[PDB]
There are 6 protein chains.
Amino acid sequence: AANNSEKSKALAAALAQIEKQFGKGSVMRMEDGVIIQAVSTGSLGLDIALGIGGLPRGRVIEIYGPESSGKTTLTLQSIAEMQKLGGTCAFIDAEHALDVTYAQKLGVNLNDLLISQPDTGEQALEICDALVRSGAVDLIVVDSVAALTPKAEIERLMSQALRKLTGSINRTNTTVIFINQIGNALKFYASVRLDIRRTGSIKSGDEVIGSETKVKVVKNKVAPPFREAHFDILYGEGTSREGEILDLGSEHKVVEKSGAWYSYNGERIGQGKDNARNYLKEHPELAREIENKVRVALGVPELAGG
Amino acid sequence: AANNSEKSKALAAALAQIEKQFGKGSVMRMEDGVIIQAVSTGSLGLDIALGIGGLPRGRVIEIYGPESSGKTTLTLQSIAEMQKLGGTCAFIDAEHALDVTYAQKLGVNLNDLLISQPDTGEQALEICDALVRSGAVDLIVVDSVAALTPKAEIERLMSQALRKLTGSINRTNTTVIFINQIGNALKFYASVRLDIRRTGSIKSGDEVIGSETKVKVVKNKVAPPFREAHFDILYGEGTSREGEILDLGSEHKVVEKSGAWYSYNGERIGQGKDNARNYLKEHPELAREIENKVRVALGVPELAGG
Amino acid sequence: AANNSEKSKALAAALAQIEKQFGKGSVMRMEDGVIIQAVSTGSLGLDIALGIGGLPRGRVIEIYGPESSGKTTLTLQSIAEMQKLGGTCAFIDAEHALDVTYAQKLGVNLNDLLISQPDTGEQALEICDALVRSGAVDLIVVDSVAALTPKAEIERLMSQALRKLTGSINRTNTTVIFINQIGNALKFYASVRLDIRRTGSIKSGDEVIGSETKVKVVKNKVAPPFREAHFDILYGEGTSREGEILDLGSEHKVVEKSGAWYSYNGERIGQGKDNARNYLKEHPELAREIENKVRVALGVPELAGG
Amino acid sequence: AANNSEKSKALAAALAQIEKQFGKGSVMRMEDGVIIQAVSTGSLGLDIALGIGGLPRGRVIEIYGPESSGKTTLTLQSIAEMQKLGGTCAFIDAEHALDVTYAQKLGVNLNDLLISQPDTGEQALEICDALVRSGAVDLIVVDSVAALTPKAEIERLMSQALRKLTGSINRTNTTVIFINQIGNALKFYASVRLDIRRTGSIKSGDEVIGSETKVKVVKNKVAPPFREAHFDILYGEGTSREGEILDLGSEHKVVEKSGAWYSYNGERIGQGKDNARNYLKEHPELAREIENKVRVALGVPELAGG
Amino acid sequence: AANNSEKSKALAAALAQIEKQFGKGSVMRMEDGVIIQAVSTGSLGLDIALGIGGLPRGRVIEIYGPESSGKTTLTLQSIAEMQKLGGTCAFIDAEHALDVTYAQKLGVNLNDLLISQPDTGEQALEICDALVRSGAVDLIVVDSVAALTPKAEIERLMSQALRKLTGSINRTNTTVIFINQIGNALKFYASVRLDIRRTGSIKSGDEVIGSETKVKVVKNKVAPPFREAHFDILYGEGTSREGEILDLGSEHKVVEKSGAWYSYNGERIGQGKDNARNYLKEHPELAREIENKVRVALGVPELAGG
Amino acid sequence: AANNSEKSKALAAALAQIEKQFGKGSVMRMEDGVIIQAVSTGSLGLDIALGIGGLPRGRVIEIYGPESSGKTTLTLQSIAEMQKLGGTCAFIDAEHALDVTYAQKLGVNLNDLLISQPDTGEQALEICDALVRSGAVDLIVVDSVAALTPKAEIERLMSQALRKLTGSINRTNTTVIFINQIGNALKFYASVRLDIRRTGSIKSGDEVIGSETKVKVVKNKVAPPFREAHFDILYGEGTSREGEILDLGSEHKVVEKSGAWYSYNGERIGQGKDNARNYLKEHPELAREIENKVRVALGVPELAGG
Ligand SMILES: Nc1ncnc2c1ncn2[C@@H]1O[C@H](COP(=O)(O)OP(=O)(O)OP(=O)(O)O)[C@@H](O)[C@H]1O
Ligand SMILES: Nc1ncnc2c1ncn2[C@@H]1O[C@H](COP(=O)(O)OP(=O)(O)OP(=O)(O)O)[C@@H](O)[C@H]1O
Ligand SMILES: Nc1ncnc2c1ncn2[C@@H]1O[C@H](COP(=O)(O)OP(=O)(O)OP(=O)(O)O)[C@@H](O)[C@H]1O
Ligand SMILES: Nc1ncnc2c1ncn2[C@@H]1O[C@H](COP(=O)(O)OP(=O)(O)OP(=O)(O)O)[C@@H](O)[C@H]1O
Ligand SMILES: Nc1ncnc2c1ncn2[C@@H]1O[C@H](COP(=O)(O)OP(=O)(O)OP(=O)(O)O)[C@@H](O)[C@H]1O
Ligand SMILES: Nc1ncnc2c1ncn2[C@@H]1O[C@H](COP(=O)(O)OP(=O)(O)OP(=O)(O)O)[C@@H](O)[C@H]1O
Ligand SMILES: [Ca+2]
Ligand SMILES: [Ca+2]
Ligand SMILES: [Ca+2]
Ligand SMILES: [Ca+2]
Ligand SMILES: [Ca+2]
Ligand SMILES: [Ca+2]
């Protein structure tokens, strides 16, 4: 009774003192929402699972998973989203696999993309630090952890580098994403860790044209962890974000399914999911409007409209 | 003399204080007119009997009467009228008898009609409350009182629900109509109670094509009670409102009967009542113009023209 | 000399003060013309004798004379003229003698004619007052004075009624004509009093087809009194107005008689009076043009052309 | 030398000042031409002698001469010419000799001719004044001066009348011609005075069919005086104007005499004068064309062609 | 350790005392930058090699080198730059080779250029002194050392003159440049000595249109000596300064080479070096903006923008 | 050595004592400048030759020379200059030759000019004395010496008069100029004596439009004597002062000759001397600005600008 009031008073005061003393995000409740500066992953479901609506800026991010699970796709979409915000992006490459026609399809502006193919793991982290320290680079993607071979071996690395790097990152608000194939110092320094995997084939006839994808946020220091997103990745197209908008939009009653049609605000979008997705692809301002309504319904920060 | 002046002064001051203290409509004179936000019943005669020109918005309405007397017809017309105003409508159904071809003939837009077929009487009133609380539903029809069986029985309900519901209704201006076949808590919470019954057959040859209908306003908190309306309900067509317009229009000298013809503003409408009704059906803007003149002559608020 | 100037100055100033104090028309000179809103009697000669070109609107008119002298004819023509102006007319009948084929021949539109056959003299004047008070009736004919029997007798009337009626008439600009067969309160309230009588037969062979008619304006408050008009009334046709136009037109040099022909503006109208009258009947716009020239020559207001 | 220049400068300036001060026509040179609104006399030779091509409008004209010299003929032709211009004419007759078959032969439209046969000389001049004052009469012929007997005698007249009449004539542009048989006040008020006389017989066999006629302009205030015209007047036909056109036309080289033929513009008109005159009578538009060329050659204003 | 701190303390204090006692620039470190009032040489590379961004004002300058190496070009550009600053310039000529079409192409305003062709070496230095002493001449070019023949010979000079001249120069802030063909007193008095030579031909086909040029700063009292600049001199155009801006701009990452294009601030300048140079020639405010960014990157004072 | 120092010390002390004892101007060096209250002669060259920039105020001036050499011109210009200073002027005339259109062209305000034509030489000097003694006349011109005939002769004069007059002149600061045609007492009392003569014709075609003029200051007590001025006097225009400004201005480097143009402060004045003179005439404030710079360069006091 007064026991319960006394107990809730004490919990609140402790939670507040913990946040003051150890920093925001140090203790959360598992289903907490958010009251934030983020860059979209290009997946609405993943932006929602992240709680703040995207990857947090000025932080270290790790994305790991088996090859062809969607890691590079997610980072190229993040680059395209950051470029849309007006930000400058760099790709530090130790894998030599980038396909720039694909990057372009995902919205990356290659004219403005910085690229580095470093001579060693040391050199990769030092170049990464130099770009962070410039104060003029907004997002860096490092591909990939394992490939970051020490000079001695070519003829604790991660750990001292990450110490130096995180120092720089905190001063300049640069976002840095490491792609890791499936390293340990990363586990503590990262504010967000994503576990991505293929969960099924998508097929046209017996031609596979894509993959069902699951991403789990296994570490999240800016909103509660362990949320998941499920979306399609289509060959040549990346995340089917328009599909997410229709699915989540209909689920949360923003978008109507009227017989065979998807409709929004009393107007038809398309007959069947493929037609409706294509219409949203052709009408990106409408797509963004609907997306933002879905974000608001779920308590997730909006993206830029306009 | 001065006795009479003193007496009239005292009556007026008491009536004014009663209205201030107990609310408008608490004491009226039986033939009072009105100085109001209403939705039409689809019957001109009933809108006139209601005094304010329709059902009052933000209030509870009860419509009761024997089966096939016209209750569902009146509520579907009210839905069509509310949709014409731009309002969102819901039908909460415990009778499983709705005919949507008929609803469409009466002008209901099924695309925009919310529908619920609840699992119990409790569930019906809770869903009704949730829709009222949304602030986004303008009119709810609940069919029907008796059918609202308590969960325990399936395996005071009305009374506590109506307490909660009327609280919500007053905050959001939602209109809620209960259809009752021939419950007690309704008698006090309802601002308007309608008693509807069939009073005769309408025939083509020996084929009955409709029914003469009488509606009595047995409770009216927004204008004086106990007025009545008489109109035809035709199978497949609902209230013969064009017939009411010609009848009341001619009665109150707005519409002329010139020999065999009905005429308005010096122009023929049709030869005989059937032809004139059909012409008004084909010329709804004229029908509304004449209807509104009749309303004005009787001291009843107008509907939207245009 | 200066005596004459002083005397004319004094007369003028008195006449002006009398008009200001007692109202226009209170003192006139017997051959005064006019500087007016009127409705034609259907007789050009009578419209001229009235000075203002017709009966004055917003006033009481009395027309009296022996039966079959032309009273009803004059009032039906006045109705037809008022309807031509767009005005609404009523006939209050205590004589039960109206012939509506004749009324139609005289140009009355029966569709728009209000009719009343009152239960008593009181009822006649009360209905007359109600029509005046509507503000929507332009001309009322009351037939006839003597027939207006008091209720008590059926089982001062005129006088108190005329007091009330003239009050209403002055507010609404309604014209009211009383037909009187040959009452006293009428003598003062009437602005115009007409004395009409038959003065001779008109014959085809030994078949009488009409009557020579004399109307004397015995009271005139809107222009000088005691002028007279002489015209034919033909069975089935009313006043021979085309005959008046030719006669007065030729008299005042507007219309030419060239040998056997009547001519206007250098063009033949017809050979002999009957042919010329028929031509004007067939060419009413020409008839009106010539009529208006005659009115202008005599200092009488014009009618509508077009 | 400079004497001559100084003298011509002074003369011109005086002539200009005289015209400004005393009016146009006050001083002229005897052979002056003209730079005018006129009505033809029906004689080309006389229209030329008048300088302005006809009698001046808005002026008083006197025509005097022995009986049968051609006075009435000239005035009837002037009437016919004025009617051709669209003007309204009046004949004020104290002689009782008019032959209207002759007037018609000369082109007078009797339908439009006003006629007066006054009771006295006074009455004649007063009617003349009233017609002038109308502003609607273009030409008045008064026949004849001597016959204008004073009332007293029947049981200075001309002089006070002419004062009043000339006042009216100047305001309204009416032309007034007085025929005088062979009065003194006329000598000064008239702008033009014509002296007409027979100078010889015209014969067919020993049948006289006409008369050689001489007209002298003894007073002319609109162009120089004392010019003369000589022409034939034929019984029943008036002035032989076609003969004048051929004579003056050939004299001034407009018309050719080719052997026995008269020709104009390279085309034969007729063999011998009689045939050529008749052809011009039958072809009045050609006659007018040739007449106007002759007028132009002589510096005389043209008539209407068409 | 503390040995090193003690040693660095002592060096700094000595360097500071040397500067105070012998003057700024007396001891420098070879790669020192600068913390200055300068006039541009018209070569960005040479302005950079000079450290302060141009020739120092209020000082003596020597420029020496073989004929046609670019000496006169550099001094005419310095004149044009000084005139751009609003300064008054003089050219003292003992060589008689000036081409003023070329001077104009290089931006010299001939209207404001003072010119002297002295009678002897003595007279040249005395006129130079008089111009310096005026306090109204900002830059003097003396062409050329060897040609400055003593009067006695025409029928130590430099040394006593330079003593007097440097006294005047220090009081008035006049800049004086001596052109020397390849004198000894100059070696000590000069604050800056430039060694310029042709190092190669520039060709269009087999037509030589210019020369590769090297300038070495062999003496520099205002910033460290022995730096070098390499640039093109084109016949008729002088130093290719726009070429320097593109080269140094791209080298120091201010200007982008994107495929075949040079670009700055995200906007194309031109396809290939010639087109980009011409664009900068046509857009001098942009050229200056880019030049100044390059200066800032290298630690060199800026020029006036605007 | 010390001989030279002793000698220069002695000279200076003697010169200083001579000035104290005999008055300023008693001993000068021939090329001395000046350290003064003056009125301009209207000639810049003459104002410069006078050393103090004009005639000295409060002194006697003699101007002598052959007729038409420019004496009257110089005195009328002096009057115009004195009036410009706000001073009151008088002209005492024994020659009767003054042309006041010319005086006006030279800038004399005739409204304010006092004039006297005395009866004798005695009377002239007595009136001159009375005007001086008023304390209210600033400049008096006496024309002319020879014409100043003694009364006895009409039926030593100069000498006793000049004694009295110079006494008055010294008290009141009046300037008095005597014009003398080519008297002895004048030679000593005058502070300034001018010898003016024509030295050549100025011609347009073979029309002489003016005269080259030389003025020598043969006596000067306020600055060194014997300086000369040469200027044009143009018929109707007086001294060509704008021409002097351009000539002396260009000579002393204030005004530029740039090709065919005269220019000042970088702005064109006119193409050729005539155009430049006219521009300065139209822009008197500029003319004065340039004139004053020339005066300052020569060590001569300035005139009022503004
Ligand atoms: N160049 C490309 N063109 C078209 N689609 C591509 C391309 N690369 C990848 N994809 C799509 O994205 C899916 C995952 O590829 P992605 O490179 O994003 O994963 P990854 O984990 O970075 O791969 P890896 O480990 O092989 O370097 C692929 O299965 C394919 O459907
Ligand atoms: N589906 C329909 N099609 C055509 N006409 C109908 C239909 N339903 C009702 N009507 C007309 O309206 C009349 C009354 O029906 P309505 O359903 O409005 O009354 P109710 O009181 O709600 O009925 P119940 O009590 O049977 O559910 C009927 O007699 C019929 O004439
Ligand atoms: N029904 C009719 N048809 C044709 N002509 C008619 C008719 N009624 C009247 N007239 C003509 O008009 C004349 C006068 O009739 P009117 O009714 O105008 O006079 P009244 O004074 O109103 O008559 P009463 O006193 O008989 O009611 C008649 O003599 C007749 O020539
Ligand atoms: N009625 C006529 N019919 C034919 N020709 C006529 C007629 N009247 C006149 N003429 C011709 O005109 C000539 C002159 O007649 P006119 O009447 O013009 O002269 P007048 O001076 O007015 O005559 P009077 O003085 O006789 O009244 C006659 O000689 C005749 O040739
Ligand atoms: N009059 C000119 N027109 C065009 N280009 C010129 C001209 N003079 C010089 N140049 C260009 O500049 C280069 C060097 O000439 P400049 O006179 O600047 O050198 P310099 O050392 O002063 O010459 P010199 O020693 O011959 O007097 C030439 O090779 C030529 O390309
Ligand atoms: N009235 C005038 N109009 C125009 N120019 C004149 C006039 N008077 C003099 N000048 C110009 O000035 C010149 C000298 O005249 P000015 O009268 O100044 O000399 P002066 O020595 O006083 O003459 P004088 O001895 O004849 O009285 C003349 O040659 C003429 O060019
Ligand atoms: Ca809808
Ligand atoms: Ca009607
Ligand atoms: Ca006619
Ligand atoms: Ca770019
Ligand atoms: Ca004054
Ligand atoms: Ca210049």
Side-chain angles (χ1 to χ4, degrees), chain D residues 37-50 52-57 59 61-65 67-83 85-93 97-115 137-144 174-180 192-197 202 209-217 228-245 247-248 277 280-281 284 287-288 291-292 294-295 300-304:
Chain D
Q37 218 194 355
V39 52
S40 174
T41 60
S43 156
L44 169 59
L46 175 57
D47 285 358
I48 288 160
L50 287 159
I52 63 162
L55 300 175
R57 291 179 66 178
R59 308 292 188 105
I61 315 297
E62 180 181 14
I63 306 178
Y64 69 81
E67 193 79 40
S68 311
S69 49
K71 311 185 290 304
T72 303
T73 289
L74 286 185
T75 65
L76 295 174
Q77 291 173 174
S78 294
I79 286 168
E81 298 290 341
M82 174 63 81
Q83 285 180 332
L85 300 178
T88 294
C89 302
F91 192 100
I92 299 180
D93 173 42
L98 193 47
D99 175 340
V100 288
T101 42
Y102 185 44
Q104 282 185 313
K105 295 174 229 148
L106 295 175
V108 175
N109 188 341
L110 295 175
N111 188 254
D112 293 335
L113 179 66
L114 297 165
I115 179 69
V137 179
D138 301 295
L139 169 69
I140 304 171
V141 174
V142 178
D143 184 24
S144 63
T174 305
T175 305
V176 181
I177 305 172
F178 289 86
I179 297 175
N180 181 11
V192 166
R193 301 178 71 232
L194 304 180
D195 171 332
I196 178 161
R197 66 187 62 191
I202 304 177
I209 53 156
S211 187
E212 305 163 336
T213 309
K214 173 181 168 181
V215 181
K216 181 174 180 194
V217 188
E228 297 164 19
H230 295 79
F231 52 85
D232 296 339
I233 293 184
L234 293 187
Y235 184 95
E237 303 292 347
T239 295
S240 301
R241 163 195 218 137
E242 288 81 14
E244 294 177 301
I245 290 169
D247 287 345
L248 291 167
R277 279 192 305 119
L280 291 182
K281 286 173 191 309
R288 176 57 41 80
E291 177 170 347
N292 273 338
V294 171
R295 288 171 178 254
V300 176
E302 292 174 268
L303 300 191

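Values below: every heavy atom of this structure, side chains too, minus hydrogens, waters and symmetry copies. Protein chains get the first letters and strands the later ones, always in sequence-line order, with residue 1 at the start of each.
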Fill in the blank from the handout: Correct closest heavy-atom pair for D/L44 and D/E291 would be CD1-OE2, 3.6 Å

Handout entry: Shortest non-hydrogen contact from D/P301 toward D/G53
Key = CD-N, 4.2 Å

Exercise for the section: Indicate yes or no for a side-chain donor-acceptor contact from D/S211 to the backbone of D/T213 under 3.5 Å, with no hydrogens or angles considered. Expected result: no

Problem - Under 3.5 Å donor-acceptor, D/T174 side chain and D/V137 backbone - result: yes

Handout entry: Side chains of D/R57 and D/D138 in contact at under 4.5 Å (non-hydrogen atoms)
Key = yes

Exercise for the section: Any chance you could lay out the side chain to side chain contact (heavy atoms under 4.5 Å, CB included) test for D/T239 and D/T41, step after step, and finish with the verdict? Expected result: CA-CA 9 Å; D/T239 295; D/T41 60; over 6 Å; no

Problem - Main-chain N/O of D/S40 paired with D/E81 side-chain donor or acceptor, under 3.5 Å - result: no

Handout entry: Heavy-atom closest pair, residues D/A103 and D/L110
Key = CB-CD2, 4.4 Å

Problem - D/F231 and D/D247: CA distance, side-chain angles, deciding distance, side chain to side chain contact (heavy atoms under 4.5 Å, CB included) verdict - result: CA-CA 10 Å; D/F231 52 85; D/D247 287 345; over 6 Å; no

Completion exercise
Interatomic distance, CG@D/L55 vs OG1@D/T175, rounded to 0.5 Å, equals 7.5 Å

Practice task
Would you indicate whether the side-chain heavy atoms of D/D99 and D/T72 approach each other to under 4.5 Å?
Solution key: no

Completion exercise
Here the pair of heavy atoms bringing D/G42 nearest to D/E244 is O-OE1, 4.3 Å

Problem - D/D143 side chain to D/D93 backbone, donor-acceptor under 3.5 Å - result: no

Practice task
Working to the nearest 0.5 Å, report the span between CG of D/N180 and OG of D/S144.
Solution key: 7.0 Å

Handout entry: Pairwise side-chain contact, D/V217 with D/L46, heavy-atom cut-off 4.5 Å (strictly under)
Key = yes

Exercise for the section: Without swapping roles, check the side chain of D/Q77 against the backbone of D/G238 for a donor-acceptor pair under 3.5 Å. Expected result: no

Fill in the blank from the handout: Between the NZ atom in D/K71 and the CD1 atom in D/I196, the distance rounded to the nearest 0.5 Å is 8.0 Å

Fill in the blank from the handout: Taken to the nearest 0.5 Å, the spacing of D/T88 OG1 from D/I79 CD1 works out to 11.5 Å

Practice task
Working to the nearest 0.5 Å, report the span between OG1 of D/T73 and OH of D/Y102.
Solution key: 2.5 Å

Problem - Contact check, side chains of D/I61 and D/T75, non-hydrogen atoms, under 4.5 Å - result: no

Practice task
With rounding to the nearest 0.5 Å, note down the distance linking OH in D/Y64 to CG in D/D195.
Solution key: 4.0 Å

Handout entry: Main-chain N/O of D/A304 paired to D/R288 side chain as donor or acceptor, under 3.5 Å
Key = yes

Exercise for the section: Inspect the contact between D/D47 and D/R295 and indicate whether a charged nitrogen and a carboxylate oxygen are less than 4.0 angstrom apart. Expected result: yes

Exercise for the section: Taking D/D232 for its side chain and D/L234 for its backbone only, find out whether a donor-acceptor pair lies under 3.5 Å. Expected result: no

Problem - Contact check, side chains of D/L139 and D/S78, non-hydrogen atoms, under 4.5 Å - result: yes

Problem - Contact summary for D/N109 and D/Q83, nearest pair of heavy atoms - result: N-OE1, 2.7 Å

